[PDB]
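To start, the structure itself, in structure tokens.
Values quoted throughout were computed directly from the atomic coordinates according to the rules given, and no laboratory measurement underlies them. Virtual Cβ from ideal backbone geometry, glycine too; neighbours counted across all protein chains shown.
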Ligand code: HEM
Ligand SMILES: *Cc1ccnc(-c2cc(C)ccn2)c1
Ligand SMILES: [Cu+2]
């Protein structure tokens, strides 16, 4: 990414940081509605059936904050994120067993929520920048997955 593209990424991410939990809720709800098979990866989660139940779930809201906190730290590294990706690849390859296709699904949900909530800060320039940033994340975590023996 160019420096300008990183700045577009972090500009819209600052909007996410104004209410991390609400963004995380919308992102995970979009993920679970669009790809319900991902629900099975979480404990005490398959039982959630309606959007209202999903919005009421403290576990879901906590999880969305966990995801966005870690992703935001990664994005702020502007690609220099090997030390941040290392523990994530470790757990997601060997314990949670999250295939790259699921990381694509959550990337799509992130982009959907950012476009829905911040269209003025998420035009084609910023969309493409965020696309590139999330593609770089997925590329680098996929390489670490394989180092750990996981071909997902
Ligand atoms: C942007 C992508 C993602 C980020 C930054 C992220 C980040 C994290 C972090 C920081 C944790 C807690 C520490 C750890 O266990 O490593 C975690 C836990 C977890 N993640 Fe991810 N995650 C991502 C995507 C996903 C996806 C797409 C799934 C499933 C479809 C998933 C499933 C899980 C599970 C099952 C846990 C265990 C925590 C729990 O639910 O008890 N992750 N994630
Ligand atoms: C429904 C859901 C979504 C995301 N995370 C969870 C969860 C549940 C527990 C018991 C612990 C950690 N995360 C649930
Ligand atoms: Cu969780």
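Would you please give the FRET efficiency between residue 19 and residue 147, computed as 1/(1 + (r/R0)^6) with r the Cβ-Cβ distance and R0 = 41 Å, to the nearest 0.05?
FRET efficiency, residue 19 to residue 147: 0.70.
Tell me the relative contact order for the stretch 76-152 as a rounded percent, counting alpha carbon contacts under 8 Å between residues six or more apart.
Averaging sequence separation for qualifying contacts and normalising by length gives 49 percent for the stretch 76-152.
Over the chain, what is the relative contact order in whole percent, taking alpha-carbon pairs under 8 Å and six or more residues apart?
It comes to 37 percent, rounded to a whole number.
Give, to the nearest whole percent, the P(r) tail of the stretch 3-147 beyond 19 angstrom, counting all Cα pairs.
51 percent
Can you give the helix-only mean residue ellipticity at 222 nm for the chain, where every DSSP H stretch with n ≥ 4 adds -39500 (n - 2.57) and the sum goes over all residues, rounded to the nearest 500 deg cm²/dmol?
It lands at -24000 deg cm²/dmol.
How far apart, in nanometres, would the label points at residue 35 and residue 63 be if each is projected 7 angstrom from Cα along the Cα-to-Cβ direction?
1.3 nm
Consider a paramagnetic label point 7 Å from the Cα of residue 121 along Cα→Cβ; state which residues of the stretch 67-83 have an amide N under 20 Å from it.
Taking a point 7 Å out along Cα→Cβ of residue 121, the residues of the stretch 67-83 whose backbone N falls under 20 Å are 67-79.
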